[PDB]
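A.B. asks: Structure file target.cif (mmCIF, N, CA and C atoms and all ligand atoms) right here:
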```cif
data_final
#
loop_
_atom_site.label_atom_id
_atom_site.label_comp_id
_atom_site.auth_asym_id
_atom_site.auth_seq_id
_atom_site.Cartn_x
_atom_site.Cartn_y
_atom_site.Cartn_z
N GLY A 1 0.83 -1.24 0.00
CA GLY A 1 0.00 0.00 0.00
C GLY A 1 0.85 1.26 0.00
N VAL A 2 1.85 1.28 0.87
CA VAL A 2 2.85 2.35 0.89
C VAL A 2 4.26 1.76 0.96
N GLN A 3 5.10 2.19 0.02
CA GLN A 3 6.51 1.82 0.00
C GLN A 3 7.33 2.99 0.54
N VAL A 4 8.26 2.68 1.44
CA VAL A 4 9.10 3.70 2.06
C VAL A 4 10.56 3.46 1.68
N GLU A 5 11.16 4.45 1.02
CA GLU A 5 12.56 4.40 0.63
C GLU A 5 13.31 5.55 1.30
N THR A 6 14.31 5.20 2.10
CA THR A 6 15.02 6.18 2.92
C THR A 6 15.88 7.13 2.08
N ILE A 7 15.72 8.43 2.34
CA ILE A 7 16.57 9.48 1.76
C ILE A 7 17.68 9.82 2.76
N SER A 8 17.30 9.98 4.03
CA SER A 8 18.25 10.13 5.13
C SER A 8 17.76 9.32 6.33
N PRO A 9 18.66 8.54 6.96
CA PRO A 9 18.23 7.72 8.10
C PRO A 9 17.86 8.54 9.33
N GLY A 10 16.93 8.03 10.12
CA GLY A 10 16.62 8.59 11.43
C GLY A 10 17.52 7.96 12.48
N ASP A 11 17.17 8.14 13.75
CA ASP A 11 17.96 7.56 14.84
C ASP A 11 17.78 6.04 14.94
N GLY A 12 16.75 5.52 14.27
CA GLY A 12 16.45 4.09 14.25
C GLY A 12 15.90 3.56 15.56
N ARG A 13 15.52 4.47 16.46
CA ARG A 13 15.07 4.11 17.81
C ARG A 13 13.73 4.75 18.17
N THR A 14 13.58 6.03 17.83
CA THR A 14 12.44 6.82 18.27
C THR A 14 11.35 6.89 17.20
N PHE A 15 10.33 6.05 17.37
CA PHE A 15 9.22 5.97 16.43
C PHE A 15 7.96 6.58 17.05
N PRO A 16 7.01 7.04 16.21
CA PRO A 16 5.77 7.60 16.73
C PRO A 16 4.96 6.58 17.53
N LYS A 17 4.45 7.01 18.67
CA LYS A 17 3.55 6.20 19.49
C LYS A 17 2.11 6.53 19.13
N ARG A 18 1.18 5.65 19.50
CA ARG A 18 -0.23 5.87 19.20
C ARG A 18 -0.77 7.14 19.86
N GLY A 19 -1.42 7.98 19.05
CA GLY A 19 -2.01 9.23 19.53
C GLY A 19 -1.03 10.39 19.67
N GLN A 20 0.20 10.19 19.20
CA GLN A 20 1.23 11.22 19.27
C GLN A 20 1.08 12.21 18.12
N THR A 21 1.56 13.43 18.31
CA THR A 21 1.53 14.44 17.26
C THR A 21 2.86 14.43 16.50
N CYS A 22 2.77 14.15 15.21
CA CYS A 22 3.95 14.10 14.35
C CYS A 22 4.13 15.42 13.62
N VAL A 23 5.34 15.97 13.72
CA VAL A 23 5.68 17.21 13.03
C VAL A 23 6.60 16.86 11.87
N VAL A 24 6.13 17.14 10.66
CA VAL A 24 6.84 16.74 9.44
C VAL A 24 6.99 17.89 8.45
N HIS A 25 7.97 17.75 7.55
CA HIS A 25 8.01 18.53 6.31
C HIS A 25 7.70 17.57 5.18
N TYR A 26 6.88 18.01 4.23
CA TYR A 26 6.54 17.17 3.09
C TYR A 26 6.45 17.92 1.77
N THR A 27 6.73 17.19 0.69
CA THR A 27 6.42 17.62 -0.67
C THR A 27 5.65 16.47 -1.32
N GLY A 28 4.52 16.80 -1.95
CA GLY A 28 3.69 15.79 -2.59
C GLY A 28 3.60 15.99 -4.09
N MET A 29 3.69 14.89 -4.83
CA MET A 29 3.55 14.93 -6.29
C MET A 29 2.82 13.70 -6.81
N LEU A 30 2.15 13.86 -7.95
CA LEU A 30 1.61 12.72 -8.69
C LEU A 30 2.80 11.95 -9.24
N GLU A 31 2.71 10.62 -9.25
CA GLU A 31 3.84 9.78 -9.67
C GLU A 31 4.36 10.21 -11.04
N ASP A 32 5.64 10.57 -11.07
CA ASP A 32 6.32 11.07 -12.27
C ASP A 32 5.60 12.25 -12.93
N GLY A 33 5.02 13.12 -12.10
CA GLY A 33 4.23 14.23 -12.60
C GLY A 33 4.25 15.49 -11.76
N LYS A 34 3.09 16.13 -11.67
CA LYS A 34 2.94 17.46 -11.09
C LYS A 34 3.09 17.45 -9.57
N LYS A 35 3.87 18.39 -9.06
CA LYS A 35 3.96 18.64 -7.62
C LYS A 35 2.75 19.45 -7.20
N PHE A 36 1.92 18.89 -6.32
CA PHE A 36 0.68 19.55 -5.92
C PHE A 36 0.77 20.32 -4.59
N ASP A 37 1.76 19.98 -3.77
CA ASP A 37 1.91 20.63 -2.46
C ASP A 37 3.31 20.47 -1.88
N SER A 38 3.74 21.48 -1.13
CA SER A 38 4.96 21.40 -0.33
C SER A 38 4.88 22.31 0.89
N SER A 39 5.09 21.72 2.07
CA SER A 39 5.16 22.48 3.31
C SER A 39 6.52 23.16 3.48
N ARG A 40 7.51 22.67 2.73
CA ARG A 40 8.87 23.19 2.78
C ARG A 40 9.02 24.57 2.15
N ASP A 41 8.19 24.85 1.15
CA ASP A 41 8.23 26.11 0.41
C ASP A 41 7.82 27.31 1.27
N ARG A 42 6.74 27.15 2.03
CA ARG A 42 6.24 28.19 2.93
C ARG A 42 7.00 28.20 4.26
N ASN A 43 7.92 27.25 4.42
CA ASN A 43 8.76 27.12 5.62
C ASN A 43 7.96 26.94 6.91
N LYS A 44 6.87 26.17 6.82
CA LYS A 44 6.02 25.87 7.97
C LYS A 44 5.70 24.38 8.01
N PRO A 45 6.17 23.68 9.06
CA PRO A 45 5.97 22.24 9.19
C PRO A 45 4.51 21.84 9.36
N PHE A 46 4.19 20.62 8.92
CA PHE A 46 2.85 20.07 8.97
C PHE A 46 2.70 19.19 10.21
N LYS A 47 1.58 19.35 10.91
CA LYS A 47 1.31 18.58 12.13
C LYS A 47 0.04 17.75 12.00
N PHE A 48 0.12 16.49 12.45
CA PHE A 48 -1.05 15.61 12.52
C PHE A 48 -0.89 14.59 13.64
N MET A 49 -2.02 14.10 14.15
CA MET A 49 -2.04 13.12 15.23
C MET A 49 -2.43 11.74 14.70
N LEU A 50 -1.67 10.71 15.06
CA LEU A 50 -1.98 9.33 14.64
C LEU A 50 -3.26 8.81 15.28
N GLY A 51 -3.88 7.84 14.61
CA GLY A 51 -5.05 7.14 15.12
C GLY A 51 -6.33 7.97 15.11
N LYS A 52 -6.30 9.08 14.37
CA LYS A 52 -7.45 9.98 14.30
C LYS A 52 -8.03 10.08 12.89
N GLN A 53 -7.52 9.24 11.99
CA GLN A 53 -7.93 9.22 10.58
C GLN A 53 -7.87 10.62 9.96
N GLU A 54 -6.82 11.36 10.30
CA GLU A 54 -6.66 12.74 9.84
C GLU A 54 -6.08 12.82 8.44
N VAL A 55 -5.23 11.85 8.11
CA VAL A 55 -4.54 11.84 6.82
C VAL A 55 -4.75 10.52 6.08
N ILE A 56 -4.44 10.51 4.78
CA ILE A 56 -4.56 9.30 3.97
C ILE A 56 -3.73 8.16 4.56
N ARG A 57 -4.21 6.93 4.38
CA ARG A 57 -3.63 5.74 5.01
C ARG A 57 -2.12 5.58 4.77
N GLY A 58 -1.71 5.75 3.52
CA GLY A 58 -0.30 5.64 3.14
C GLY A 58 0.61 6.65 3.82
N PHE A 59 0.08 7.84 4.08
CA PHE A 59 0.86 8.89 4.75
C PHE A 59 1.03 8.55 6.23
N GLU A 60 -0.06 8.18 6.89
CA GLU A 60 -0.01 7.79 8.29
C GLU A 60 0.92 6.59 8.51
N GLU A 61 0.73 5.54 7.71
CA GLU A 61 1.53 4.32 7.85
C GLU A 61 2.99 4.53 7.45
N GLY A 62 3.22 5.46 6.52
CA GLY A 62 4.57 5.85 6.14
C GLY A 62 5.30 6.52 7.28
N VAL A 63 4.66 7.52 7.88
CA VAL A 63 5.24 8.26 9.00
C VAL A 63 5.42 7.36 10.24
N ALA A 64 4.45 6.47 10.47
CA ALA A 64 4.48 5.58 11.64
C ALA A 64 5.69 4.63 11.66
N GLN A 65 6.23 4.31 10.49
CA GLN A 65 7.38 3.41 10.38
C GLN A 65 8.71 4.15 10.25
N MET A 66 8.67 5.47 10.45
CA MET A 66 9.86 6.31 10.38
C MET A 66 10.32 6.70 11.78
N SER A 67 11.64 6.82 11.95
CA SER A 67 12.19 7.30 13.22
C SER A 67 12.54 8.79 13.13
N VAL A 68 12.64 9.46 14.28
CA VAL A 68 12.91 10.90 14.32
C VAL A 68 14.19 11.24 13.54
N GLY A 69 14.08 12.23 12.66
CA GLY A 69 15.20 12.68 11.85
C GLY A 69 15.25 12.04 10.47
N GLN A 70 14.44 10.99 10.28
CA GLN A 70 14.40 10.28 9.00
C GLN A 70 13.72 11.10 7.93
N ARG A 71 14.28 11.06 6.72
CA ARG A 71 13.64 11.60 5.53
C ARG A 71 13.47 10.44 4.55
N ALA A 72 12.29 10.34 3.95
CA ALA A 72 11.97 9.20 3.10
C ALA A 72 11.07 9.54 1.92
N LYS A 73 11.21 8.75 0.86
CA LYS A 73 10.30 8.78 -0.28
C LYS A 73 9.18 7.78 -0.03
N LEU A 74 7.95 8.28 0.07
CA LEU A 74 6.78 7.44 0.26
C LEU A 74 6.02 7.31 -1.06
N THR A 75 5.96 6.09 -1.59
CA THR A 75 5.16 5.82 -2.78
C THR A 75 3.86 5.15 -2.33
N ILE A 76 2.75 5.86 -2.53
CA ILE A 76 1.45 5.44 -2.01
C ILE A 76 0.50 5.04 -3.14
N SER A 77 0.07 3.78 -3.12
CA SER A 77 -0.90 3.27 -4.09
C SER A 77 -2.26 3.97 -3.93
N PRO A 78 -3.07 4.01 -5.01
CA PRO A 78 -4.37 4.69 -4.92
C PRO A 78 -5.23 4.26 -3.73
N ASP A 79 -5.25 2.96 -3.43
CA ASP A 79 -6.07 2.43 -2.33
C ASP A 79 -5.67 2.99 -0.96
N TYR A 80 -4.40 3.37 -0.82
CA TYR A 80 -3.89 3.95 0.42
C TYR A 80 -3.85 5.48 0.36
N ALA A 81 -4.37 6.03 -0.73
CA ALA A 81 -4.45 7.48 -0.91
C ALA A 81 -5.91 7.91 -1.10
N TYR A 82 -6.25 8.42 -2.28
CA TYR A 82 -7.60 8.93 -2.53
C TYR A 82 -8.49 8.02 -3.38
N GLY A 83 -7.96 6.85 -3.75
CA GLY A 83 -8.73 5.79 -4.40
C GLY A 83 -9.39 6.18 -5.71
N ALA A 84 -10.56 5.59 -5.97
CA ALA A 84 -11.30 5.80 -7.21
C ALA A 84 -11.99 7.17 -7.26
N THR A 85 -12.22 7.76 -6.09
CA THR A 85 -12.87 9.07 -6.00
C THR A 85 -11.90 10.19 -6.34
N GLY A 86 -10.65 10.06 -5.89
CA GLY A 86 -9.67 11.13 -5.98
C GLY A 86 -9.94 12.20 -4.94
N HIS A 87 -9.19 13.29 -5.00
CA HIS A 87 -9.46 14.45 -4.16
C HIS A 87 -9.89 15.63 -5.03
N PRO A 88 -11.14 16.09 -4.85
CA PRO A 88 -11.79 17.07 -5.72
C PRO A 88 -10.89 18.25 -6.10
N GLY A 89 -10.63 18.38 -7.40
CA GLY A 89 -9.92 19.54 -7.95
C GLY A 89 -8.41 19.49 -7.90
N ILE A 90 -7.84 18.46 -7.27
CA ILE A 90 -6.39 18.35 -7.12
C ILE A 90 -5.84 16.97 -7.51
N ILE A 91 -6.41 15.91 -6.94
CA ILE A 91 -5.94 14.55 -7.19
C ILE A 91 -6.96 13.76 -8.01
N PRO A 92 -6.55 13.27 -9.20
CA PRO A 92 -7.44 12.47 -10.04
C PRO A 92 -7.71 11.08 -9.45
N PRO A 93 -8.82 10.45 -9.86
CA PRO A 93 -9.08 9.04 -9.56
C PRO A 93 -7.88 8.14 -9.89
N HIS A 94 -7.65 7.14 -9.03
CA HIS A 94 -6.62 6.10 -9.24
C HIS A 94 -5.20 6.66 -9.34
N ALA A 95 -4.90 7.69 -8.55
CA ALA A 95 -3.59 8.32 -8.58
C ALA A 95 -2.63 7.71 -7.56
N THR A 96 -1.48 7.26 -8.05
CA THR A 96 -0.36 6.90 -7.19
C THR A 96 0.35 8.19 -6.80
N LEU A 97 0.54 8.37 -5.49
CA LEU A 97 1.15 9.59 -4.97
C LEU A 97 2.55 9.33 -4.43
N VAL A 98 3.42 10.32 -4.61
CA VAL A 98 4.77 10.27 -4.06
C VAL A 98 4.96 11.44 -3.11
N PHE A 99 5.32 11.12 -1.87
CA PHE A 99 5.60 12.13 -0.85
C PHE A 99 7.04 12.04 -0.36
N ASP A 100 7.70 13.20 -0.32
CA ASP A 100 9.00 13.35 0.32
C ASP A 100 8.70 13.84 1.73
N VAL A 101 8.93 12.99 2.72
CA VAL A 101 8.57 13.29 4.11
C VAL A 101 9.79 13.25 5.02
N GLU A 102 9.92 14.26 5.87
CA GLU A 102 10.93 14.26 6.93
C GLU A 102 10.24 14.34 8.29
N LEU A 103 10.52 13.38 9.16
CA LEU A 103 9.98 13.40 10.51
C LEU A 103 10.87 14.27 11.41
N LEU A 104 10.38 15.46 11.72
CA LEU A 104 11.16 16.47 12.44
C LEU A 104 11.16 16.26 13.95
N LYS A 105 9.97 16.03 14.51
CA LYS A 105 9.82 15.81 15.95
C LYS A 105 8.48 15.16 16.31
N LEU A 106 8.42 14.62 17.52
CA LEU A 106 7.21 14.02 18.08
C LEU A 106 6.77 14.81 19.30
N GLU A 107 5.48 15.12 19.38
CA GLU A 107 4.93 15.91 20.49
C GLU A 107 3.49 15.53 20.83
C1 LIG B 201 -4.38 23.78 2.97
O1 LIG B 201 -3.63 22.58 3.14
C2 LIG B 201 -4.42 21.52 3.68
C3 LIG B 201 -3.84 20.16 3.26
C4 LIG B 201 -3.80 19.91 1.76
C5 LIG B 201 -5.18 19.53 1.24
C6 LIG B 201 -5.11 19.03 -0.20
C7 LIG B 201 -4.06 17.93 -0.37
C8 LIG B 201 -3.97 17.52 -1.84
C9 LIG B 201 -2.71 18.33 0.23
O2 LIG B 201 -2.12 19.35 -0.59
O3 LIG B 201 -2.88 18.83 1.56
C10 LIG B 201 -1.75 17.17 0.38
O4 LIG B 201 -0.57 17.32 0.10
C11 LIG B 201 -2.20 15.86 0.87
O5 LIG B 201 -2.65 15.05 0.08
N1 LIG B 201 -2.08 15.60 2.18
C12 LIG B 201 -1.62 16.55 3.22
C13 LIG B 201 -0.42 15.95 3.95
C14 LIG B 201 -0.83 14.64 4.61
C15 LIG B 201 -1.36 13.67 3.56
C16 LIG B 201 -2.47 14.26 2.68
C17 LIG B 201 -3.79 14.28 3.39
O6 LIG B 201 -4.23 13.28 3.95
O7 LIG B 201 -4.54 15.52 3.37
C18 LIG B 201 -5.79 15.55 4.05
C19 LIG B 201 -6.90 15.19 3.05
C20 LIG B 201 -7.02 16.22 1.92
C21 LIG B 201 -8.28 14.96 3.68
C22 LIG B 201 -8.37 13.86 4.73
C23 LIG B 201 -7.93 12.50 4.19
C24 LIG B 201 -8.10 11.40 5.24
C25 LIG B 201 -9.55 11.31 5.72
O8 LIG B 201 -9.65 10.34 6.77
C26 LIG B 201 -10.08 12.66 6.21
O9 LIG B 201 -11.48 12.55 6.44
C27 LIG B 201 -11.84 12.78 7.81
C28 LIG B 201 -9.82 13.78 5.20
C29 LIG B 201 -5.92 16.94 4.67
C30 LIG B 201 -5.19 17.03 5.99
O10 LIG B 201 -4.10 16.49 6.14
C31 LIG B 201 -5.82 17.81 7.12
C32 LIG B 201 -4.80 18.16 8.20
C33 LIG B 201 -6.92 16.96 7.72
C34 LIG B 201 -8.23 17.14 7.44
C35 LIG B 201 -8.70 18.21 6.50
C36 LIG B 201 -9.25 16.23 8.09
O11 LIG B 201 -8.61 15.08 8.66
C37 LIG B 201 -10.08 16.94 9.15
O12 LIG B 201 -11.28 16.19 9.33
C38 LIG B 201 -12.42 17.03 9.50
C39 LIG B 201 -9.34 17.06 10.46
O13 LIG B 201 -9.43 16.17 11.30
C40 LIG B 201 -8.50 18.28 10.74
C41 LIG B 201 -7.29 17.94 11.61
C42 LIG B 201 -9.37 19.37 11.38
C43 LIG B 201 -8.92 20.80 11.04
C44 LIG B 201 -10.00 21.80 11.41
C45 LIG B 201 -8.58 20.89 9.56
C46 LIG B 201 -7.40 21.34 9.14
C47 LIG B 201 -7.14 21.37 7.70
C48 LIG B 201 -5.89 21.44 7.23
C49 LIG B 201 -5.68 21.44 5.78
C50 LIG B 201 -4.48 21.56 5.19
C51 LIG B 201 -3.22 21.75 6.00
#
```
Could you quickly redo this structure as structure tokens?
C.D. replies:
Amino acid sequence: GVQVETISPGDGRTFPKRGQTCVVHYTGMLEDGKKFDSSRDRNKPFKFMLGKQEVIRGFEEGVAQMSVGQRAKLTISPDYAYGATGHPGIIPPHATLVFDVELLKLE
């Protein structure tokens, strides 16, 4: 559902716990295509809490398997992203998404 390829290793010890707030930087693009979003450009990190169904499955599960300081390429299949519906006006149906994610801190 989500493939994680390391860009920079984390500490390999400190992983997100259930219900924790993850602070990340991300850039999102359609597979081999258009970049639709980046938190790095506006220089403001993205925050979300696990176990609250706040983000797409592939993003949550991608971040959950990362340790603090890790940067990774997340390749997310449509079923773990926006599926057959897509995301209105931005993500088409059946889109494989690629996210560059860095886990900055846990809070
Ligand atoms: C302007 O920038 C947007 C994010 C944009 C939207 C459009 C997409 C292309 C994108 O560019 O992000 C994007 O790159 C993307 O696909 N993302 C964002 C990064 C994490 C992964 C993914 C995602 O899941 O987006 C999310 C996706 C679009 C929708 C969710 C997908 C999972 C599903 O379970 C949810 O249904 C419940 C809906 C958007 C978010 O990450 C934000 C944080 C979360 C929500 C909006 C909902 O979870 C909401 O439910 C009411 C909440 O619980 C929140 C916390 C309550 C408060 C008031 C809302 C804050 C809204 C913040 C919105 C932000 C920063």
A.B. asks: With all atoms listed in the file counted, collect every polymer residue having an atom within 8 Å of ligand LIG 201 (chain B); state the result as an NGL selection string.
C.D. replies: :A and (26-29 or 36-39 or 46-49 or 52-60 or 81-82 or 87-91)
A.B. asks: Need to verify the contact set: residue 8 of chain A, 6.5 Å, all atoms listed in the file, exclusion of same-chain residues closer than 5 positions in sequence. Can you return it as a list in words?
C.D. replies: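 Residues near the query, excluding close chain neighbours: residues 69, 70, 71 and 72 of chain A.
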A.B. asks: From a DSSP calculation on the backbone, collect every residue of chain A in alpha helix (DSSP H) and output the set as a PyMOL selection string.
C.D. replies: chain A and resi 57-64
A.B. asks: Go through A:19, A:104, A:3, A:97 one by one, measure the shortest atom-to-atom distance of each to residue 32 of chain A using only C-alpha atoms, and give the residue with the smallest value.
C.D. replies: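 Among the listed residues, A:97 lies closest to residue 32 of chain A.
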A.B. asks: Once you count all atoms listed in the file, which residues end up no further than 5 Å from (1.3, 7.8, -11.1) in the file's frame, shown as an NGL selection string?
C.D. replies: :A and (30-31 or 96)
A.B. asks: Those same residues - N, CA and C atoms - I'd like them written as an mmCIF file, keeping the file's coordinate frame.
C.D. replies:
```
data_model
loop_
_atom_site.group_PDB
_atom_site.id
_atom_site.type_symbol
_atom_site.label_atom_id
_atom_site.label_comp_id
_atom_site.auth_asym_id
_atom_site.auth_seq_id
_atom_site.Cartn_x
_atom_site.Cartn_y
_atom_site.Cartn_z
ATOM 1 N N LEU A 30 2.150 13.860 -7.950
ATOM 2 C CA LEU A 30 1.610 12.720 -8.690
ATOM 3 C C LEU A 30 2.800 11.950 -9.240
ATOM 4 N N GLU A 31 2.710 10.620 -9.250
ATOM 5 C CA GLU A 31 3.840 9.780 -9.670
ATOM 6 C C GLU A 31 4.360 10.210 -11.040
ATOM 7 N N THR A 96 -1.480 7.260 -8.050
ATOM 8 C CA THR A 96 -0.360 6.900 -7.190
ATOM 9 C C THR A 96 0.350 8.190 -6.800
#
```
A.B. asks: Counting only C-alpha atoms, which residues have an atom no more than 9 Å from (10.3, 6.7, 4.7) in the file's coordinates? Please list them as an mmCIF file with N, CA and C atoms, keeping the file's coordinate frame.
C.D. replies:
```
data_model
loop_
_atom_site.group_PDB
_atom_site.id
_atom_site.type_symbol
_atom_site.label_atom_id
_atom_site.label_comp_id
_atom_site.auth_asym_id
_atom_site.auth_seq_id
_atom_site.Cartn_x
_atom_site.Cartn_y
_atom_site.Cartn_z
ATOM 1 N N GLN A 3 5.100 2.190 0.020
ATOM 2 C CA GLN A 3 6.510 1.820 0.000
ATOM 3 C C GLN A 3 7.330 2.990 0.540
ATOM 4 N N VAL A 4 8.260 2.680 1.440
ATOM 5 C CA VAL A 4 9.100 3.700 2.060
ATOM 6 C C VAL A 4 10.560 3.460 1.680
ATOM 7 N N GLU A 5 11.160 4.450 1.020
ATOM 8 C CA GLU A 5 12.560 4.400 0.630
ATOM 9 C C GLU A 5 13.310 5.550 1.300
ATOM 10 N N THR A 6 14.310 5.200 2.100
ATOM 11 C CA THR A 6 15.020 6.180 2.920
ATOM 12 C C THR A 6 15.880 7.130 2.080
ATOM 13 N N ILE A 7 15.720 8.430 2.340
ATOM 14 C CA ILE A 7 16.570 9.480 1.760
ATOM 15 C C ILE A 7 17.680 9.820 2.760
ATOM 16 N N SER A 8 17.300 9.980 4.030
ATOM 17 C CA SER A 8 18.250 10.130 5.130
ATOM 18 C C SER A 8 17.760 9.320 6.330
ATOM 19 N N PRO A 9 18.660 8.540 6.960
ATOM 20 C CA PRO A 9 18.230 7.720 8.100
ATOM 21 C C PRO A 9 17.860 8.540 9.330
ATOM 22 N N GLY A 62 3.220 5.460 6.520
ATOM 23 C CA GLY A 62 4.570 5.850 6.140
ATOM 24 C C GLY A 62 5.300 6.520 7.280
ATOM 25 N N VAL A 63 4.660 7.520 7.880
ATOM 26 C CA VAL A 63 5.240 8.260 9.000
ATOM 27 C C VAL A 63 5.420 7.360 10.240
ATOM 28 N N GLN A 65 6.230 4.310 10.490
ATOM 29 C CA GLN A 65 7.380 3.410 10.380
ATOM 30 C C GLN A 65 8.710 4.150 10.250
ATOM 31 N N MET A 66 8.670 5.470 10.450
ATOM 32 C CA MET A 66 9.860 6.310 10.380
ATOM 33 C C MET A 66 10.320 6.700 11.780
ATOM 34 N N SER A 67 11.640 6.820 11.950
ATOM 35 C CA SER A 67 12.190 7.300 13.220
ATOM 36 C C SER A 67 12.540 8.790 13.130
ATOM 37 N N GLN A 70 14.440 10.990 10.280
ATOM 38 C CA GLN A 70 14.400 10.280 9.000
ATOM 39 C C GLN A 70 13.720 11.100 7.930
ATOM 40 N N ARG A 71 14.280 11.060 6.720
ATOM 41 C CA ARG A 71 13.640 11.600 5.530
ATOM 42 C C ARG A 71 13.470 10.440 4.550
ATOM 43 N N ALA A 72 12.290 10.340 3.950
ATOM 44 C CA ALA A 72 11.970 9.200 3.100
ATOM 45 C C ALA A 72 11.070 9.540 1.920
ATOM 46 N N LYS A 73 11.210 8.750 0.860
ATOM 47 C CA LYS A 73 10.300 8.780 -0.280
ATOM 48 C C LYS A 73 9.180 7.780 -0.030
ATOM 49 N N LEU A 74 7.950 8.280 0.070
ATOM 50 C CA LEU A 74 6.780 7.440 0.260
ATOM 51 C C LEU A 74 6.020 7.310 -1.060
ATOM 52 N N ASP A 100 7.700 13.200 -0.320
ATOM 53 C CA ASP A 100 9.000 13.350 0.320
ATOM 54 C C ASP A 100 8.700 13.840 1.730
ATOM 55 N N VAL A 101 8.930 12.990 2.720
ATOM 56 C CA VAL A 101 8.570 13.290 4.110
ATOM 57 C C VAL A 101 9.790 13.250 5.020
ATOM 58 N N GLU A 102 9.920 14.260 5.870
ATOM 59 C CA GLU A 102 10.930 14.260 6.930
ATOM 60 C C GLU A 102 10.240 14.340 8.290
ATOM 61 N N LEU A 103 10.520 13.380 9.160
ATOM 62 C CA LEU A 103 9.980 13.400 10.510
ATOM 63 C C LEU A 103 10.870 14.270 11.410
#
```
A.B. asks: Rounded to one decimal place, report the atom CA of residue 76 of chain A-atom CA of residue 50 of chain A distance in Å.
C.D. replies: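 Spanning atom CA of residue 76 of chain A to atom CA of residue 50 of chain A is a straight-line distance of 17.4 Å.
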A.B. asks: Find the distance between atom CA of residue 18 of chain A and atom CA of residue 105 of chain A and write it in Å to one decimal.
C.D. replies: 14.5 Å
A.B. asks: May I ask which of the residues A:40, A:77, A:107, A:61 is the closest one to residue 23 of chain A, counting all atoms listed in the file?
C.D. replies: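 Looking only at the distances to residue 23 of chain A, the closest residue turns out to be A:107.
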A.B. asks: As a PyMOL selection string, please: all residues of chain A that backbone DSSP puts in strand (DSSP E).
C.D. replies: chain A and resi 2-8+21-30+35-38+46-49+71-76+97-106
A.B. asks: What is the distance between atom N of residue 34 of chain A and atom CA of residue 99 of chain A, in Å to one decimal?
C.D. replies: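 If I compute the distance from atom N of residue 34 of chain A to atom CA of residue 99 of chain A, I get 11.8 Å.
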A.B. asks: Identify which of the residues A:2, A:95, A:24, A:106 lies closest to residue 68 of chain A, counting all atoms listed in the file when measuring atom-to-atom distances.
C.D. replies: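 Answer, going by the shortest atom-to-atom distance: A:106.
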A.B. asks: Compare A:1, A:51, A:75, A:42 by their minimum atom-to-atom distance to residue 20 of chain A, counting all atoms listed in the file, and give me the closest one.
C.D. replies: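 Between A:1, A:51, A:75, A:42, the residue approaching residue 20 of chain A most closely is A:51.
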